[PDB]
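Structure file protein_30.pdb (PDB, C-alpha atoms) follows.
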```
ATOM      1  CA  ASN T 868     -32.826 -54.659  33.900
ATOM      2  CA  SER T 869     -36.269 -53.224  32.860
ATOM      3  CA  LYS T 870     -36.365 -50.436  35.538
ATOM      4  CA  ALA T 871     -34.556 -47.093  35.980
ATOM      5  CA  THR T 872     -33.617 -48.071  39.590
ATOM      6  CA  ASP T 873     -31.058 -50.781  38.567
ATOM      7  CA  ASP T 874     -28.061 -51.658  40.806
ATOM      8  CA  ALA T 875     -29.288 -49.093  43.396
ATOM      9  CA  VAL T 876     -30.692 -49.469  46.933
ATOM     10  CA  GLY T 877     -34.471 -49.050  46.685
ATOM     11  CA  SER T 878     -37.446 -50.723  45.010
ATOM     12  CA  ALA T 879     -38.061 -52.290  41.577
ATOM     13  CA  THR T 880     -41.536 -50.608  41.725
ATOM     14  CA  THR T 881     -40.871 -46.985  40.662
ATOM     15  CA  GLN T 882     -42.281 -43.840  38.985
ATOM     16  CA  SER T 883     -40.811 -40.853  37.092
ATOM     17  CA  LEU T 884     -41.521 -37.588  39.000
ATOM     18  CA  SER T 885     -40.118 -33.996  39.125
ATOM     19  CA  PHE T 886     -37.501 -34.540  41.903
ATOM     20  CA  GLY T 887     -36.196 -37.655  40.110
ATOM     21  CA  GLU T 888     -36.985 -41.366  40.374
ATOM     22  CA  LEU T 889     -39.296 -42.378  43.248
ATOM     23  CA  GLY T 890     -37.841 -45.894  43.821
ATOM     24  CA  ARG T 891     -34.211 -44.780  44.492
ATOM     25  CA  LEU T 892     -32.878 -44.421  48.094
ATOM     26  CA  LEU T 893     -29.047 -44.970  47.836
ATOM     27  CA  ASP T 894     -26.409 -45.792  45.184
ATOM     28  CA  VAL T 895     -22.580 -45.904  44.788
ATOM     29  CA  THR T 896     -20.588 -44.349  41.901
ATOM     30  CA  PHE T 897     -17.001 -44.384  40.559
ATOM     31  CA  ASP T 898     -15.990 -41.095  38.819
ATOM     32  CA  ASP T 899     -19.610 -39.764  39.178
ATOM     33  CA  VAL T 900     -20.966 -42.804  37.213
ATOM     34  CA  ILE T 901     -23.299 -45.559  38.576
ATOM     35  CA  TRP T 902     -21.352 -48.731  39.518
ATOM     36  CA  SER T 903     -23.482 -51.350  37.698
ATOM     37  CA  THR T 904     -22.912 -54.897  36.356
ATOM     38  CA  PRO T 905     -22.694 -55.277  32.536
ATOM     39  CA  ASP T 906     -25.952 -57.255  32.005
ATOM     40  CA  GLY T 907     -29.090 -56.831  29.844
ATOM     41  CA  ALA T 908     -29.422 -56.142  26.084
ATOM     42  CA  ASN T 909     -27.051 -53.117  25.752
ATOM     43  CA  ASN T 910     -23.813 -54.884  26.869
ATOM     44  CA  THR T 911     -22.677 -56.048  23.376
ATOM     45  CA  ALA T 912     -19.880 -53.407  22.905
ATOM     46  CA  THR T 913     -16.414 -55.067  22.620
ATOM     47  CA  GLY T 914     -14.244 -51.890  22.679
ATOM     48  CA  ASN T 915     -10.706 -52.082  21.171
ATOM     49  CA  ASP T 916     -10.622 -55.940  20.969
ATOM     50  CA  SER T 917     -13.489 -58.450  20.214
ATOM     51  CA  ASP T 918     -14.239 -59.160  23.948
ATOM     52  CA  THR T 919     -17.341 -57.663  25.621
ATOM     53  CA  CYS T 920     -16.862 -55.876  28.955
ATOM     54  CA  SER T 921     -18.805 -58.593  30.903
ATOM     55  CA  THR T 922     -16.488 -61.501  29.827
ATOM     56  CA  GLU T 923     -13.557 -59.027  30.034
ATOM     57  CA  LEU T 924     -14.221 -58.728  33.849
ATOM     58  CA  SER T 925     -14.775 -62.521  34.255
ATOM     59  CA  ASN T 926     -11.261 -63.332  32.876
ATOM     60  CA  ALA T 927      -9.831 -61.143  35.718
ATOM     61  CA  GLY T 928     -11.618 -63.338  38.354
ATOM     62  CA  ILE T 929     -13.832 -60.406  39.453
ATOM     63  CA  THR T 930     -17.224 -61.389  40.927
ATOM     64  CA  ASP T 931     -17.885 -57.860  42.379
ATOM     65  CA  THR T 932     -19.148 -56.666  39.000
ATOM     66  CA  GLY T 933     -21.432 -53.995  40.602
ATOM     67  CA  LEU T 934     -23.141 -52.942  43.884
ATOM     68  CA  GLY T 935     -25.920 -55.533  43.370
ATOM     69  CA  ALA T 936     -23.385 -58.399  43.112
ATOM     70  CA  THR T 937     -21.503 -57.698  46.404
ATOM     71  CA  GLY T 938     -24.692 -58.485  48.402
ATOM     72  CA  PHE T 939     -24.646 -54.937  49.864
ATOM     73  CA  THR T 940     -27.673 -54.208  52.098
ATOM     74  CA  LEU T 941     -28.506 -51.462  54.599
ATOM     75  CA  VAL T 942     -29.161 -53.073  58.025
ATOM     76  CA  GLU T 943     -30.411 -51.203  61.103
ATOM     77  CA  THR T 944     -27.933 -51.676  63.999
ATOM     78  CA  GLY T 945     -30.777 -52.150  66.575
ATOM     79  CA  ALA T 946     -34.558 -52.755  66.552
ATOM     80  CA  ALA T 947     -35.207 -48.993  66.944
ATOM     81  CA  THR T 948     -31.716 -47.418  66.734
ATOM     82  CA  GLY T 949     -32.376 -45.477  63.471
ATOM     83  CA  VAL T 950     -28.778 -46.159  62.211
ATOM     84  CA  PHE T 951     -28.240 -48.275  59.069
ATOM     85  CA  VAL T 952     -24.895 -49.812  58.076
ATOM     86  CA  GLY T 953     -23.725 -51.629  54.963
ATOM     87  CA  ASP T 954     -20.329 -52.748  53.664
ATOM     88  CA  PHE T 955     -18.542 -54.126  50.609
ATOM     89  CA  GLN T 956     -15.027 -54.447  49.170
ATOM     90  CA  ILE T 957     -13.396 -52.275  46.456
ATOM     91  CA  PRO T 958     -12.770 -54.160  43.177
ATOM     92  CA  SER T 959      -9.636 -53.988  40.968
ATOM     93  CA  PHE T 960     -11.646 -53.424  37.710
ATOM     94  CA  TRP T 961     -15.063 -52.003  36.755
ATOM     95  CA  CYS T 962     -17.126 -51.439  33.610
ATOM     96  CA  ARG T 963     -18.168 -47.832  32.891
ATOM     97  CA  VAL T 964     -21.739 -46.878  31.864
ATOM     98  CA  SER T 965     -21.642 -45.112  28.460
ATOM     99  CA  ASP T 966     -25.254 -43.761  28.457
ATOM    100  CA  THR T 967     -27.573 -43.583  31.523
ATOM    101  CA  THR T 968     -30.589 -42.232  29.522
ATOM    102  CA  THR T 969     -31.551 -45.729  28.204
ATOM    103  CA  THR T 970     -33.046 -48.764  29.994
ATOM    104  CA  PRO T 971     -31.153 -51.003  30.312
ATOM    105  CA  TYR T 972     -27.942 -48.859  30.542
ATOM    106  CA  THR T 973     -25.382 -49.076  27.683
ATOM    107  CA  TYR T 974     -21.995 -50.361  28.919
ATOM    108  CA  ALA T 975     -18.503 -49.627  27.471
ATOM    109  CA  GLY T 976     -16.450 -52.328  25.654
ATOM    110  CA  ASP T 977     -13.339 -52.285  27.915
ATOM    111  CA  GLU T 978     -12.783 -52.658  31.699
ATOM    112  CA  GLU T 979     -10.997 -49.879  33.622
ATOM    113  CA  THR T 980      -8.982 -49.895  36.867
ATOM    114  CA  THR T 981     -10.619 -48.303  39.939
ATOM    115  CA  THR T 982      -7.281 -46.773  41.065
ATOM    116  CA  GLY T 983      -7.130 -42.947  40.862
ATOM    117  CA  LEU T 984     -10.976 -42.583  40.706
ATOM    118  CA  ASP T 985     -13.140 -41.054  43.509
ATOM    119  CA  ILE T 986     -15.883 -43.141  45.142
ATOM    120  CA  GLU T 987     -19.172 -41.518  46.258
ATOM    121  CA  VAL T 988     -22.377 -42.553  48.011
ATOM    122  CA  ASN T 989     -25.670 -40.653  47.484
ATOM    123  CA  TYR T 990     -28.665 -40.798  49.854
ATOM    124  CA  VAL T 991     -32.094 -39.304  48.990
ATOM    125  CA  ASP T 992     -34.098 -38.140  52.024
ATOM    126  CA  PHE T 993     -37.832 -38.297  51.176
ATOM    127  CA  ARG T 994     -38.371 -36.154  54.347
ATOM    128  CA  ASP T 995     -35.747 -33.602  55.525
ATOM    129  CA  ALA T 996     -36.170 -31.338  58.617
ATOM    130  CA  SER T 997     -39.122 -29.538  56.823
ATOM    131  CA  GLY T 998     -40.619 -32.606  55.073
ATOM    132  CA  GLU T 999     -39.206 -31.955  51.584
ATOM    133  CA  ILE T1000     -37.028 -34.122  49.237
ATOM    134  CA  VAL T1001     -33.230 -33.452  49.264
ATOM    135  CA  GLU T1002     -30.183 -35.553  48.251
ATOM    136  CA  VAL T1003     -26.997 -35.735  50.389
ATOM    137  CA  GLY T1004     -23.657 -37.516  49.812
ATOM    138  CA  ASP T1005     -20.050 -38.269  50.824
ATOM    139  CA  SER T1006     -16.873 -38.815  48.754
ATOM    140  CA  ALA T1007     -13.492 -40.539  49.060
ATOM    141  CA  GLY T1008     -10.480 -41.419  46.880
ATOM    142  CA  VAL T1009      -9.251 -44.855  45.741
ATOM    143  CA  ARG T1010      -5.414 -44.964  45.803
ATOM    144  CA  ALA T1011      -2.612 -47.269  44.719
ATOM    145  CA  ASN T1012       1.046 -47.642  45.708
TER     146      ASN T1012
ATOM    147  CA  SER A 724       8.251 -87.864  51.989
ATOM    148  CA  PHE A 725      11.123 -87.329  54.464
ATOM    149  CA  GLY A 726      14.913 -87.610  54.249
ATOM    150  CA  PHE A 727      18.115 -86.058  52.838
ATOM    151  CA  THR A 728      20.313 -86.741  49.725
ATOM    152  CA  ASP A 729      24.157 -87.193  49.604
ATOM    153  CA  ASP A 730      25.846 -85.778  52.802
ATOM    154  CA  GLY A 731      22.667 -83.722  53.618
ATOM    155  CA  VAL A 732      25.085 -80.890  54.580
ATOM    156  CA  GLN A 733      23.739 -78.321  52.019
ATOM    157  CA  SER A 734      20.183 -76.936  52.686
ATOM    158  CA  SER A 735      19.047 -77.692  49.081
ATOM    159  CA  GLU A 736      19.842 -81.339  49.949
ATOM    160  CA  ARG A 737      17.315 -81.692  52.852
ATOM    161  CA  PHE A 738      13.560 -82.244  52.191
ATOM    162  CA  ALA A 739      10.286 -82.702  54.155
ATOM    163  CA  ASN A 740       6.889 -82.797  52.375
ATOM    164  CA  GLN A 741       3.775 -82.958  54.540
ATOM    165  CA  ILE A 742       0.390 -81.319  55.152
ATOM    166  CA  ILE A 743      -1.171 -80.914  58.625
ATOM    167  CA  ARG A 744      -4.839 -80.263  59.446
ATOM    168  CA  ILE A 745      -6.053 -78.946  62.847
ATOM    169  CA  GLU A 746      -9.485 -80.153  63.993
ATOM    170  CA  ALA A 747      -9.964 -77.435  66.650
ATOM    171  CA  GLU A 748     -12.704 -77.812  69.331
ATOM    172  CA  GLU A 749     -15.327 -75.253  70.463
ATOM    173  CA  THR A 750     -14.471 -73.953  73.974
ATOM    174  CA  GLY A 751     -18.137 -73.643  75.115
ATOM    175  CA  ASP A 752     -21.675 -74.127  73.753
ATOM    176  CA  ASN A 753     -22.176 -70.572  72.383
ATOM    177  CA  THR A 754     -18.498 -69.449  72.497
ATOM    178  CA  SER A 755     -17.353 -69.071  68.847
ATOM    179  CA  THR A 756     -13.749 -69.691  70.094
ATOM    180  CA  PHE A 757     -12.102 -72.917  68.781
ATOM    181  CA  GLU A 758      -9.030 -74.338  70.537
ATOM    182  CA  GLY A 759      -6.156 -76.473  69.198
ATOM    183  CA  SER A 760      -2.412 -77.082  69.665
ATOM    184  CA  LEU A 761       0.755 -77.665  67.575
ATOM    185  CA  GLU A 762       4.047 -79.376  68.386
ATOM    186  CA  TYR A 763       7.043 -80.244  66.214
ATOM    187  CA  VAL A 764       9.971 -82.671  66.490
ATOM    188  CA  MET A 765      13.363 -81.352  65.364
ATOM    189  CA  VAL A 766      15.285 -84.123  63.624
ATOM    190  CA  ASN A 767      18.667 -85.333  65.020
ATOM    191  CA  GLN A 768      21.318 -87.753  63.677
ATOM    192  CA  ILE A 769      19.626 -90.698  65.511
ATOM    193  CA  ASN A 770      15.873 -90.384  64.767
ATOM    194  CA  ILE A 771      16.501 -89.286  61.109
ATOM    195  CA  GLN A 772      17.621 -92.861  60.291
ATOM    196  CA  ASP A 773      14.473 -94.481  61.796
ATOM    197  CA  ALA A 774      11.161 -94.616  59.888
ATOM    198  CA  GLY A 775       9.480 -94.709  63.357
ATOM    199  CA  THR A 776       9.990 -90.958  63.979
ATOM    200  CA  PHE A 777       8.248 -89.924  60.725
ATOM    201  CA  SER A 778       5.366 -92.424  61.134
ATOM    202  CA  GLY A 779       5.062 -91.315  64.822
ATOM    203  CA  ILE A 780       3.545 -87.865  64.026
ATOM    204  CA  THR A 781      -0.250 -87.377  63.964
ATOM    205  CA  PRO A 782      -1.084 -85.470  60.736
ATOM    206  CA  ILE A 783      -4.883 -85.023  61.401
ATOM    207  CA  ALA A 784      -6.006 -84.318  65.012
ATOM    208  CA  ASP A 785      -7.032 -81.549  67.482
ATOM    209  CA  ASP A 786      -3.315 -81.617  68.529
ATOM    210  CA  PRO A 787      -1.258 -82.442  65.419
ATOM    211  CA  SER A 788       2.541 -82.725  65.194
ATOM    212  CA  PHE A 789       4.858 -82.171  62.210
ATOM    213  CA  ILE A 790       8.548 -82.724  61.353
ATOM    214  CA  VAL A 791      11.158 -79.907  61.063
ATOM    215  CA  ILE A 792      14.235 -80.942  58.972
ATOM    216  CA  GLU A 793      16.171 -77.646  59.717
ATOM    217  CA  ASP A 794      15.929 -74.137  61.330
ATOM    218  CA  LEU A 795      12.727 -72.400  60.025
ATOM    219  CA  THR A 796      12.700 -68.587  60.463
ATOM    220  CA  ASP A 797      11.620 -65.459  58.538
ATOM    221  CA  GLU A 798       9.857 -66.443  55.245
ATOM    222  CA  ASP A 799      10.157 -70.224  55.981
ATOM    223  CA  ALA A 800       8.569 -70.052  59.495
ATOM    224  CA  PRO A 801       5.713 -72.605  59.847
ATOM    225  CA  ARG A 802       2.345 -70.901  59.200
ATOM    226  CA  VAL A 803      -1.261 -72.030  59.671
ATOM    227  CA  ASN A 804      -3.811 -70.742  57.113
ATOM    228  CA  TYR A 805      -7.577 -70.451  57.656
ATOM    229  CA  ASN A 806      -9.803 -69.569  54.691
ATOM    230  CA  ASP A 807     -12.543 -67.230  55.897
ATOM    231  CA  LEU A 808     -15.860 -65.676  54.779
ATOM    232  CA  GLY A 809     -15.790 -62.030  56.022
ATOM    233  CA  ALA A 810     -18.634 -59.744  57.221
ATOM    234  CA  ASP A 811     -18.238 -57.832  53.867
ATOM    235  CA  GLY A 812     -19.073 -61.156  52.086
ATOM    236  CA  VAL A 813     -15.654 -61.697  50.393
ATOM    237  CA  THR A 814     -13.433 -64.741  51.144
ATOM    238  CA  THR A 815     -10.188 -63.518  52.767
ATOM    239  CA  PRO A 816      -7.806 -65.945  54.508
ATOM    240  CA  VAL A 817      -6.297 -65.274  57.945
ATOM    241  CA  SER A 818      -2.927 -66.711  59.012
ATOM    242  CA  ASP A 819      -0.298 -66.753  61.790
ATOM    243  CA  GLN A 820       3.322 -67.950  61.751
ATOM    244  CA  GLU A 821       5.861 -68.827  64.451
ATOM    245  CA  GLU A 822       9.604 -69.431  63.931
ATOM    246  CA  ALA A 823      11.114 -72.827  64.886
ATOM    247  CA  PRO A 824      14.793 -72.117  65.653
ATOM    248  CA  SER A 825      17.561 -74.667  66.274
ATOM    249  CA  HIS A 826      19.862 -74.427  69.372
ATOM    250  CA  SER A 827      23.674 -74.700  69.815
ATOM    251  CA  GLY A 828      24.371 -77.539  72.231
ATOM    252  CA  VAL A 829      26.933 -77.433  74.999
ATOM    253  CA  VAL A 830      28.456 -80.403  76.825
ATOM    254  CA  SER A 831      30.206 -80.121  80.177
ATOM    255  CA  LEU A 832      31.928 -82.275  82.796
ATOM    256  CA  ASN A 833      31.194 -81.428  86.460
ATOM    257  CA  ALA A 834      34.853 -81.449  87.664
ATOM    258  CA  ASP A 835      38.210 -80.368  86.153
ATOM    259  CA  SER A 836      40.123 -83.236  87.880
ATOM    260  CA  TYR A 837      38.939 -86.764  88.801
ATOM    261  CA  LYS A 838      40.606 -89.524  90.856
ATOM    262  CA  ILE A 839      40.173 -93.300  90.479
ATOM    263  CA  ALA A 840      36.614 -94.521  91.340
ATOM    264  CA  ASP A 841      35.209 -90.945  91.355
ATOM    265  CA  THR A 842      31.693 -90.395  89.998
ATOM    266  CA  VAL A 843      31.881 -88.429  86.731
ATOM    267  CA  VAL A 844      28.673 -86.710  85.602
ATOM    268  CA  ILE A 845      28.053 -85.615  82.000
ATOM    269  CA  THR A 846      25.385 -83.034  81.061
ATOM    270  CA  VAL A 847      24.270 -81.904  77.555
ATOM    271  CA  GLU A 848      22.254 -78.669  77.219
ATOM    272  CA  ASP A 849      20.686 -79.009  73.740
ATOM    273  CA  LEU A 850      16.994 -77.936  73.581
ATOM    274  CA  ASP A 851      16.616 -79.592  70.123
ATOM    275  CA  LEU A 852      17.039 -83.093  71.717
ATOM    276  CA  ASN A 853      13.603 -82.874  73.417
ATOM    277  CA  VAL A 854      11.302 -84.727  70.937
ATOM    278  CA  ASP A 855       8.294 -85.298  73.305
ATOM    279  CA  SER A 856       6.800 -82.973  75.962
ATOM    280  CA  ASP A 857       4.929 -85.753  77.867
ATOM    281  CA  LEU A 858       7.729 -88.378  78.198
ATOM    282  CA  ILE A 859      11.366 -88.276  79.521
ATOM    283  CA  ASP A 860      13.796 -88.487  76.543
ATOM    284  CA  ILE A 861      16.563 -91.164  76.823
ATOM    285  CA  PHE A 862      19.671 -91.941  74.698
ATOM    286  CA  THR A 863      21.559 -95.254  75.188
ATOM    287  CA  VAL A 864      24.977 -96.713  74.289
ATOM    288  CA  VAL A 865      25.490 -99.069  71.306
ATOM    289  CA  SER A 866      26.771-102.664  71.712
ATOM    290  CA  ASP A 867      27.176-104.178  68.206
TER     291      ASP A 867
END
```
Starting from the coordinates I provided, produce the structure as structure tokens.
Amino acid sequence: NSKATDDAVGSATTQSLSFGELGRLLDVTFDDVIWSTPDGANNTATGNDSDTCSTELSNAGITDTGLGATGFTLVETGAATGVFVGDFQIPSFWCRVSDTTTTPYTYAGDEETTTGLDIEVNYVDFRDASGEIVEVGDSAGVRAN
Amino acid sequence: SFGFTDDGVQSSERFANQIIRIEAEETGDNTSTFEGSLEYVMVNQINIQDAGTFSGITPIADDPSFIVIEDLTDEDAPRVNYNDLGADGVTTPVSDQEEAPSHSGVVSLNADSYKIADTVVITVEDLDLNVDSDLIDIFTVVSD
């Protein structure tokens, strides 16, 4: 909770540089916002009622509070294949990040459904075809019936 | 618990409460395939009155058996549930069901006319009367 690379695939060791944050390799977002667990010191907002977003999720039986809590890892398929695969399961509710400019993040006071929001993954290539830093991504839609 | 109440004619009046656990066996040393069997005994007017038939089932085994009080199809078909830890790390059960129908019995007589001291042969084609797959099933006449 004391580092800018929280709930993302990368390293706790990090530095602030021009291109962005050096310890970040991959992360997952709902509605272009980091999917993170409501933990730390800035999770005291209760929203409309007197219940904080963290206990608000717990009452719904949700354990997949963020990407770090699903046990998501990138695993190489072979010893020298060069292809990495991870997986996880879409939750019914999630807690939005109000402000990303503070460490730890500040979380909203009310849980929100994931239905009708896009899901995205972002990968940062430290070395592209020329040996320069670039970020690439993919998107998809969460639906309901 | 097993039995019926009143006539036992209405479905709401027949009951059977039981749980069955399958202790399946690994096929090989490093084969993750686990093998088991099920079998059920459909109740008839004779065995329903005897406590022997209900105590005869094996509730915990590699090859359990269970009692069927009536036709079980559609939503009531017997189903086996297996709680599972998936490759995505979330616990998601897997299940299968199979219907256990009942059969309409027919009874026939081999000839249309007999004469004195002729052999008369009676056959009953009811699949529900088979209660064991290993043994020949026999029904006998009452002298009381």
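The coordinates place atom CA of residue T:874 at 21.4 Å from atom CA of residue T:1000.
Across the model, the gap from atom CA of residue A:763 to atom CA of residue A:729 is 24.8 Å.
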- Message: Please check the contacts: residues of chain T at most 9 Å away from chain A, using all atoms listed in the file, listed as a PyMOL selection string.
- Response: chain T and resi 937-939+953-956
- Apply the PyMOL selection byres ((chain T and resi 952) around 8) to the file shown and report the selected residues as a ChimeraX atom specification. /T:940-944,950-951,953-954
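Selection check: the PyMOL selection byres ((chain T and resi 1004) around 9) on the shown file gives residues 987, 988, 989, 990, 991, 1002, 1003, 1005 and 1006 of chain T.
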- Task: On this file, the PyMOL selection byres ((chain T and resi 904-909) around 10) gives some set of residues; write that set as a PyMOL selection string.
- Result: chain T and resi 868-869+873-874+901-903+910-912+919-922+924+930-936+961-964+966+969-976
Around all listed atoms of stretch 826-832 of chain A, padded 4 Å per side, what centre and edge lengths does the axis-aligned box have in Å to one decimal, as JSON?
```
{"center_x": 25.9, "center_y": -78.4, "center_z": 76.1, "size_x": 20.1, "size_y": 15.8, "size_z": 21.4}
```
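Between atom CA of residue A:824 and atom CA of residue A:796 the interatomic distance comes to 6.6 Å.
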- Note on the structure: Between T:1009, T:871, T:879, T:892, smallest distance to residue T:959 by all atoms listed in the file belongs to T:1009
- Message: I want to know what sits within 10 Å of stretch 852-856 of chain A, based on only C-alpha atoms, with residues of the same chain fewer than 5 positions away left out; could you give that as a ChimeraX atom specification?
- Response: /A:762-767,770,776,826,828,847,861-862
- Would you mind listing what lies within 9 Å of residue T:889 as a PyMOL selection string, with all atoms listed in the file counted and same-chain residues fewer than 2 positions away left out? chain T and resi 872+877-878+880-884+886-887+891-892
